[PDB]
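Student: Quick one: structure below, then a few questions.
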Amino acid sequence: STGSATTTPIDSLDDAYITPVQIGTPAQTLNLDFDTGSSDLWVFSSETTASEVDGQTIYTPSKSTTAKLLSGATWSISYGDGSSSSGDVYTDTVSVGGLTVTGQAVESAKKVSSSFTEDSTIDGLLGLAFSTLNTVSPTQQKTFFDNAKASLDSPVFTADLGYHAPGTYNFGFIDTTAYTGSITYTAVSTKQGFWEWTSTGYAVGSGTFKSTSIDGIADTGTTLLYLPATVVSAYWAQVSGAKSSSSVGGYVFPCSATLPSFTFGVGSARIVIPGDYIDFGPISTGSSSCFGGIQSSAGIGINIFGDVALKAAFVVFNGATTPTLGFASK
Ligand SMILES: N[C@H]1[C@H](O)[C@@H](Sc2ccccc2)[C@@H]2OC[C@H]1O2
């Protein structure tokens, strides 16, 4: 089997991407944030505290003839940005772009943090990291991909995120028309439960390539590119007037600037992030200070190849017995 679904930026900055997902019988369609950096499928629901729902579409398990309460199961997750949610668990039928999983754990939120409440466009998350990170207790549950894998034509999914435009998540096949040149595959460590890999280096604009190992995770649920402070300083040094602002929370730059590209290495291959992918616009409405899309990972504890990086590539998440990651230009 295969599945194919369009993923769409939630706003003009590509702050996140949402993908329609069918849950239950009859189908209830929710727009979920596909997150290769976590492993819970959770949704706003009829059980979510009323004051914490503001415009989201909710899952109502009582209206689904295939929903079953997973007795005694609860979940609670806290994300790297400080966001959180928690609740109980149903199993139900879940379909993505024509690919159907029966008995998928659908984690129903009773509580969500303010950041989720304030995001009216995101109805929940669909985790695509390794199932070892799933937070359901006392019986850990599998991700949608984990459940689908054996049925897929090939045990893979691909992320093709657009810049200020829609893109595609495919399951079970590699669309050879969706990228240019070849896909370069690179080793993955699953030891921390992430799609963790090691970039071979970087370049800033037309500068020389610096060969250096950068361990990080491929994370579709993180907006920006978080890299070591040395690398990030080298990038913003090429932007006149750019500086790190403790009050704003990272590097900012004059909105009148032209940003240089940023290249990262995948083995001997190179992925080029165009400069305008690194512009996240005024720090507040009407400001001439703009927020940068490349930020320091100091304090996070891990480097993160988020959407700023991934949207410059066609990315293969290869879930074979020894997982790997593939990157192609597009
Ligand atoms: N793996 C990522 C996860 O999806 C988000 S949770 C989130 C919060 C608000 C809006 C959308 C998503 C959090 O920030 C980056 C990292 O942890």
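Following the order of the structure tokens, first chain is A, next is B, and so on, with residues numbered from 1 inside each chain and ligands from 1 in the order they appear.
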Please, which residues of range 139-267 of chain A, numbered as in this document, come out alpha helix (DSSP H) from DSSP, as a PyMOL selection string?

Tutor: chain A and resi 144-148+229-236

Student: Which neighbours of residue 31 in chain A fall inside 7 Å, counting only C-alpha atoms, when residues of the same chain fewer than 4 positions from it are skipped, and could you give them as a ChimeraX atom specification?

Tutor: /A:18-21,122-123

Student: Which residues are near residue 13 in chain A? Cut-off 10 Å, only C-alpha atoms, ignore same chain within fewer than 4 positions. Put them as a list in words.

Tutor: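 In the requested format, the answer is residues 9, 163, 164, 223, 277, 279, 280 and 281 of chain A.
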
Student: Write to file, as a compact mmCIF listing (two decimals), in the first residue's frame, the residues of the selection just made, with C-alpha atoms.

Tutor:
# COMPACT_ATOMS: atom_id res chain seq x y z
CA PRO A 9 1.93 26.12 5.61
CA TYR A 163 8.63 27.32 0.68
CA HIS A 164 5.60 29.60 1.11
CA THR A 223 10.29 25.59 12.36
CA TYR A 277 14.13 30.77 3.42
CA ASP A 279 13.72 35.30 6.72
CA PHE A 280 10.99 34.99 9.37
CA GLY A 281 9.81 38.55 9.10

Student: Any residue with an atom at most 10 Å from ligand 1 counts, using only C-alpha atoms and all ligand atoms. Which are they? Put them as a CSV table (one decimal) with N, CA, C and O atoms, in the first residue's frame.

Tutor:
chain,number,residue,atom,x,y,z
A,15,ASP,N,5.4,28.9,9.5
A,15,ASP,CA,5.7,28.6,10.9
A,15,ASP,C,5.5,27.1,11.2
A,15,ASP,O,6.2,26.6,12.1
A,16,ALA,N,4.6,26.5,10.5
A,16,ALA,CA,4.4,25.1,10.7
A,16,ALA,C,3.6,24.6,9.4
A,16,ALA,O,3.1,25.5,8.7
A,17,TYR,N,3.4,23.3,9.3
A,17,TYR,CA,2.7,22.7,8.2
A,17,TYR,C,1.6,21.8,8.7
A,17,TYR,O,1.8,21.1,9.7
A,18,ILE,N,0.4,21.8,8.1
A,18,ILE,CA,-0.6,21.0,8.5
A,18,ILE,C,-1.1,20.1,7.3
A,18,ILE,O,-1.0,20.5,6.1
A,32,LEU,N,-3.4,17.9,11.0
A,32,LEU,CA,-2.4,17.6,12.0
A,32,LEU,C,-1.0,18.1,11.6
A,32,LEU,O,-0.7,18.2,10.4
A,33,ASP,N,-0.2,18.4,12.5
A,33,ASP,CA,1.2,18.8,12.3
A,33,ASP,C,2.0,17.5,12.4
A,33,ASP,O,2.2,16.9,13.4
A,34,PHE,N,2.5,17.1,11.2
A,34,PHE,CA,3.3,15.9,11.1
A,34,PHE,C,4.7,16.2,11.6
A,34,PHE,O,5.4,17.1,11.1
A,35,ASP,N,5.1,15.5,12.7
A,35,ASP,CA,6.3,15.8,13.5
A,35,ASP,C,7.3,14.7,13.6
A,35,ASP,O,7.1,13.8,14.4
A,36,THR,N,8.4,14.7,12.8
A,36,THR,CA,9.4,13.7,12.8
A,36,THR,C,10.3,13.7,14.0
A,36,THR,O,11.1,12.9,14.2
A,37,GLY,N,10.0,14.7,14.9
A,37,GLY,CA,10.7,14.9,16.2
A,37,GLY,C,9.9,14.4,17.4
A,37,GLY,O,10.4,14.6,18.5
A,38,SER,N,8.8,13.8,17.2
A,38,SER,CA,8.0,13.2,18.4
A,38,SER,C,7.2,12.0,17.9
A,38,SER,O,7.2,11.7,16.7
A,39,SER,N,6.6,11.3,18.8
A,39,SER,CA,6.1,10.0,18.5
A,39,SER,C,4.7,9.7,19.1
A,39,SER,O,4.3,8.6,19.2
A,77,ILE,N,2.9,14.9,27.3
A,77,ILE,CA,4.0,15.2,26.6
A,77,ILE,C,4.4,16.6,26.8
A,77,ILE,O,3.6,17.5,27.0
A,78,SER,N,5.7,16.8,26.8
A,78,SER,CA,6.3,18.2,26.9
A,78,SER,C,7.3,18.3,25.8
A,78,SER,O,8.2,17.5,25.7
A,79,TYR,N,7.1,19.4,25.0
A,79,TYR,CA,8.0,19.6,23.9
A,79,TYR,C,9.2,20.6,24.2
A,79,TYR,O,9.1,21.2,25.2
A,80,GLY,N,10.1,20.6,23.3
A,80,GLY,CA,11.4,21.4,23.5
A,80,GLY,C,11.2,22.9,23.6
A,80,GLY,O,12.0,23.6,24.2
A,81,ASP,N,10.0,23.3,23.1
A,81,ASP,CA,9.7,24.8,23.1
A,81,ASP,C,9.0,25.2,24.4
A,81,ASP,O,8.8,26.4,24.6
A,82,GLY,N,8.6,24.2,25.2
A,82,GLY,CA,7.9,24.5,26.5
A,82,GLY,C,6.4,24.2,26.4
A,82,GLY,O,5.7,24.3,27.4
A,83,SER,N,6.0,23.8,25.2
A,83,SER,CA,4.6,23.4,25.0
A,83,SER,C,4.3,22.1,25.6
A,83,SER,O,5.2,21.3,25.9
A,84,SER,N,3.0,21.8,25.9
A,84,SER,CA,2.6,20.5,26.5
A,84,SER,C,1.2,20.2,26.2
A,84,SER,O,0.4,21.0,25.9
A,85,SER,N,0.8,18.9,26.4
A,85,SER,CA,-0.5,18.4,26.3
A,85,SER,C,-0.6,17.1,27.0
A,85,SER,O,0.4,16.4,27.2
A,113,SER,N,-1.4,23.2,26.4
A,113,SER,CA,-0.8,24.5,26.8
A,113,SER,C,-1.3,25.6,25.9
A,113,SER,O,-1.8,25.4,24.9
A,114,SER,N,-1.0,26.8,26.4
A,114,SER,CA,-1.6,28.0,25.7
A,114,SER,C,-1.1,28.2,24.3
A,114,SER,O,-1.9,28.6,23.4
A,115,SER,N,0.1,27.7,24.0
A,115,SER,CA,0.6,27.8,22.6
A,115,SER,C,-0.2,27.0,21.6
A,115,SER,O,-0.4,27.4,20.5
A,116,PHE,N,-0.8,25.8,22.1
A,116,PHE,CA,-1.6,25.1,21.2
A,116,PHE,C,-3.0,25.7,21.1
A,116,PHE,O,-3.5,25.8,20.0
A,117,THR,N,-3.5,26.2,22.2
A,117,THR,CA,-4.8,26.9,22.2
A,117,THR,C,-4.8,28.1,21.2
A,117,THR,O,-5.8,28.3,20.5
A,118,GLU,N,-3.7,28.8,21.2
A,118,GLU,CA,-3.6,30.0,20.4
A,118,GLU,C,-3.3,29.7,18.9
A,118,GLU,O,-3.5,30.6,18.1
A,119,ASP,N,-3.0,28.5,18.6
A,119,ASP,CA,-2.8,28.1,17.2
A,119,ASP,C,-4.1,27.4,16.6
A,119,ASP,O,-4.2,26.2,16.7
A,121,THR,N,-5.1,26.8,13.8
A,121,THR,CA,-4.9,26.0,12.6
A,121,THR,C,-4.4,24.6,12.8
A,121,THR,O,-4.4,23.8,11.9
A,122,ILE,N,-3.9,24.3,14.0
A,122,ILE,CA,-3.3,23.0,14.3
A,122,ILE,C,-4.3,22.2,15.2
A,122,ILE,O,-4.5,22.6,16.4
A,123,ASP,N,-4.8,21.1,14.7
A,123,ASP,CA,-5.8,20.3,15.4
A,123,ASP,C,-5.1,19.2,16.2
A,123,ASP,O,-5.8,18.4,16.9
A,124,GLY,N,-3.8,19.1,16.2
A,124,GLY,CA,-3.1,18.1,16.9
A,124,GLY,C,-1.8,17.8,16.1
A,124,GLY,O,-1.5,18.4,15.1
A,125,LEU,N,-1.0,16.8,16.7
A,125,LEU,CA,0.2,16.4,16.1
A,125,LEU,C,0.2,14.9,15.7
A,125,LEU,O,-0.5,14.1,16.3
A,126,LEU,N,0.9,14.6,14.6
A,126,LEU,CA,1.1,13.2,14.2
A,126,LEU,C,2.6,12.9,14.3
A,126,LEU,O,3.3,13.3,13.4
A,127,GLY,N,3.0,12.2,15.3
A,127,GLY,CA,4.4,11.9,15.5
A,127,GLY,C,5.0,10.9,14.5
A,127,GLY,O,4.3,9.8,14.3
A,128,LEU,N,6.2,11.1,14.0
A,128,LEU,CA,6.8,10.2,13.1
A,128,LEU,C,8.3,9.9,13.4
A,128,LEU,O,9.0,9.4,12.6
A,129,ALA,N,8.7,10.2,14.7
A,129,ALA,CA,9.9,9.7,15.2
A,129,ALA,C,9.7,8.2,15.6
A,129,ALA,O,8.7,7.6,15.3
A,194,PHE,N,15.2,9.6,17.8
A,194,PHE,CA,15.1,10.5,16.7
A,194,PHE,C,15.7,10.1,15.4
A,194,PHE,O,16.5,9.1,15.4
A,217,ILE,N,19.1,16.3,14.4
A,217,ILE,CA,18.0,15.5,14.1
A,217,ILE,C,17.1,16.2,13.0
A,217,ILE,O,17.1,17.4,12.9
A,218,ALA,N,16.6,15.4,12.1
A,218,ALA,CA,15.7,15.8,11.1
A,218,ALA,C,14.3,15.9,11.7
A,218,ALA,O,13.7,14.9,12.0
A,219,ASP,N,13.8,17.2,11.9
A,219,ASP,CA,12.6,17.4,12.7
A,219,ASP,C,11.6,18.3,12.0
A,219,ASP,O,11.7,19.6,12.0
A,220,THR,N,10.6,17.7,11.3
A,220,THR,CA,9.6,18.5,10.6
A,220,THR,C,8.7,19.3,11.5
A,220,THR,O,8.1,20.3,11.1
A,221,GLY,N,8.7,19.0,12.8
A,221,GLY,CA,7.9,19.8,13.8
A,221,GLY,C,8.6,21.0,14.4
A,221,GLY,O,8.0,21.7,15.2
A,222,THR,N,9.9,21.2,14.0
A,222,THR,CA,10.6,22.4,14.4
A,222,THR,C,10.7,23.3,13.2
A,222,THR,O,11.0,22.9,12.1
A,223,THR,N,10.3,24.6,13.4
A,223,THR,CA,10.3,25.6,12.4
A,223,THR,C,11.7,25.9,11.8
A,223,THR,O,11.9,26.0,10.6
A,224,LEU,N,12.6,26.2,12.7
A,224,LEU,CA,13.9,26.8,12.3
A,224,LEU,C,15.0,25.8,12.3
A,224,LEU,O,14.9,24.6,12.6
A,304,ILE,N,19.2,20.9,15.5
A,304,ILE,CA,17.9,20.5,14.9
A,304,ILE,C,17.8,21.0,13.5
A,304,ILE,O,17.8,22.2,13.2
A,306,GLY,N,15.4,21.6,11.3
A,306,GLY,CA,14.0,21.9,11.2
A,306,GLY,C,13.6,22.3,9.8
A,306,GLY,O,14.3,22.1,8.8

Student: Set the distance at 10 Å and use only C-alpha atoms: which residues neighbour residue 44 in chain A once local chain neighbours fewer than 2 positions away are removed? I'd like the list as a ChimeraX atom specification.

Tutor: /A:30,32,42,46-49,52-53,56-60,85,87,107-112,116-117,122-125

Student: Keeping only N, CA, C and O atoms, write the selected residues as a compact mmCIF listing (two decimals), in the first residue's frame.

Tutor:
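Okay, this is what ended up in again_33.txt:
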# COMPACT_ATOMS: atom_id res chain seq x y z
N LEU A 30 -9.14 16.00 10.60
CA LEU A 30 -8.43 16.99 11.40
C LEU A 30 -7.13 17.34 10.68
O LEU A 30 -6.56 16.50 9.99
N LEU A 32 -3.42 17.94 11.05
CA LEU A 32 -2.39 17.63 12.02
C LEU A 32 -1.02 18.10 11.56
O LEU A 32 -0.72 18.17 10.36
N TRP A 42 -1.71 12.96 18.75
CA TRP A 42 -2.69 13.48 19.68
C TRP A 42 -3.53 14.55 19.02
O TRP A 42 -3.07 15.22 18.09
N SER A 46 -13.42 16.30 21.97
CA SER A 46 -14.59 16.62 22.78
C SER A 46 -14.27 16.58 24.28
O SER A 46 -15.06 17.05 25.09
N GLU A 47 -13.12 16.01 24.63
CA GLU A 47 -12.67 15.92 26.01
C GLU A 47 -11.77 17.07 26.44
O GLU A 47 -11.47 17.22 27.62
N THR A 48 -11.31 17.87 25.48
CA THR A 48 -10.41 18.97 25.80
C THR A 48 -11.13 20.05 26.60
O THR A 48 -12.23 20.47 26.24
N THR A 49 -10.51 20.47 27.70
CA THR A 49 -11.00 21.57 28.52
C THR A 49 -11.48 22.72 27.63
O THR A 49 -10.73 23.22 26.80
N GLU A 52 -9.68 25.87 26.70
CA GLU A 52 -8.40 25.67 26.01
C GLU A 52 -8.58 25.34 24.54
O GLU A 52 -7.60 25.09 23.83
N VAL A 53 -9.83 25.34 24.08
CA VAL A 53 -10.13 25.19 22.67
C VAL A 53 -10.52 26.54 22.08
O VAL A 53 -11.40 27.22 22.62
N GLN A 56 -10.07 25.28 16.90
CA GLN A 56 -9.62 23.99 16.39
C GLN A 56 -10.79 23.07 16.06
O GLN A 56 -11.85 23.15 16.67
N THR A 57 -10.58 22.20 15.09
CA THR A 57 -11.51 21.12 14.85
C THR A 57 -11.23 20.00 15.84
O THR A 57 -10.07 19.64 16.06
N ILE A 58 -12.27 19.46 16.46
CA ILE A 58 -12.09 18.42 17.47
C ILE A 58 -12.51 17.03 16.99
O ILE A 58 -13.40 16.87 16.14
N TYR A 59 -11.83 16.02 17.53
CA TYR A 59 -12.22 14.63 17.40
C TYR A 59 -13.23 14.27 18.47
O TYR A 59 -12.99 14.53 19.65
N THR A 60 -14.36 13.69 18.08
CA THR A 60 -15.37 13.25 19.04
C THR A 60 -15.48 11.73 18.97
O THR A 60 -16.18 11.20 18.10
N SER A 85 0.82 18.90 26.39
CA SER A 85 -0.55 18.43 26.31
C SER A 85 -0.63 17.06 26.97
O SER A 85 0.39 16.40 27.17
N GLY A 87 -3.73 13.65 28.17
CA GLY A 87 -5.09 13.14 28.15
C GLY A 87 -5.20 11.64 28.22
O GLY A 87 -4.36 10.97 28.83
N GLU A 107 -4.50 9.78 20.69
CA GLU A 107 -4.40 10.34 22.02
C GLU A 107 -5.25 11.60 22.11
O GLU A 107 -5.02 12.59 21.43
N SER A 108 -6.29 11.51 22.94
CA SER A 108 -7.28 12.56 23.07
C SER A 108 -6.86 13.54 24.16
O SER A 108 -6.67 13.15 25.30
N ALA A 109 -6.70 14.81 23.80
CA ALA A 109 -6.25 15.80 24.78
C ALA A 109 -7.35 16.19 25.75
O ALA A 109 -8.45 16.54 25.34
N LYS A 110 -7.04 16.12 27.04
CA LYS A 110 -7.87 16.74 28.06
C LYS A 110 -7.34 18.14 28.40
O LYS A 110 -8.11 19.04 28.71
N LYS A 111 -6.02 18.30 28.30
CA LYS A 111 -5.36 19.57 28.57
C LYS A 111 -4.37 19.89 27.46
O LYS A 111 -3.68 18.99 26.98
N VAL A 112 -4.29 21.15 27.06
CA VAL A 112 -3.22 21.61 26.17
C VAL A 112 -2.67 22.93 26.68
O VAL A 112 -3.38 23.69 27.35
N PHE A 116 -0.76 25.85 22.06
CA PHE A 116 -1.63 25.07 21.20
C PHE A 116 -3.00 25.73 21.07
O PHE A 116 -3.54 25.83 19.97
N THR A 117 -3.55 26.20 22.19
CA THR A 117 -4.82 26.91 22.17
C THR A 117 -4.80 28.08 21.20
O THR A 117 -5.76 28.31 20.46
N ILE A 122 -3.93 24.34 14.00
CA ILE A 122 -3.35 23.03 14.27
C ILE A 122 -4.26 22.25 15.21
O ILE A 122 -4.47 22.64 16.36
N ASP A 123 -4.81 21.15 14.69
CA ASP A 123 -5.78 20.34 15.42
C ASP A 123 -5.14 19.21 16.23
O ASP A 123 -5.83 18.44 16.90
N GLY A 124 -3.82 19.11 16.17
CA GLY A 124 -3.07 18.09 16.88
C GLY A 124 -1.79 17.79 16.14
O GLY A 124 -1.45 18.45 15.14
N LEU A 125 -1.05 16.81 16.66
CA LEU A 125 0.22 16.39 16.07
C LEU A 125 0.16 14.92 15.67
O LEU A 125 -0.54 14.13 16.30

Student: Hey, what's within 7 Å of residue 260 in chain A if we count only C-alpha atoms and toss same-chain stuff fewer than 4 positions away? As a count of residues only, please?

Tutor: 3

Student: Please compute the CA of residue 237 in chain A-CA of residue 311 in chain A distance, one decimal, in Å.

Tutor: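 CA of residue 311 in chain A lies at a distance of 23.7 Å from CA of residue 237 in chain A.
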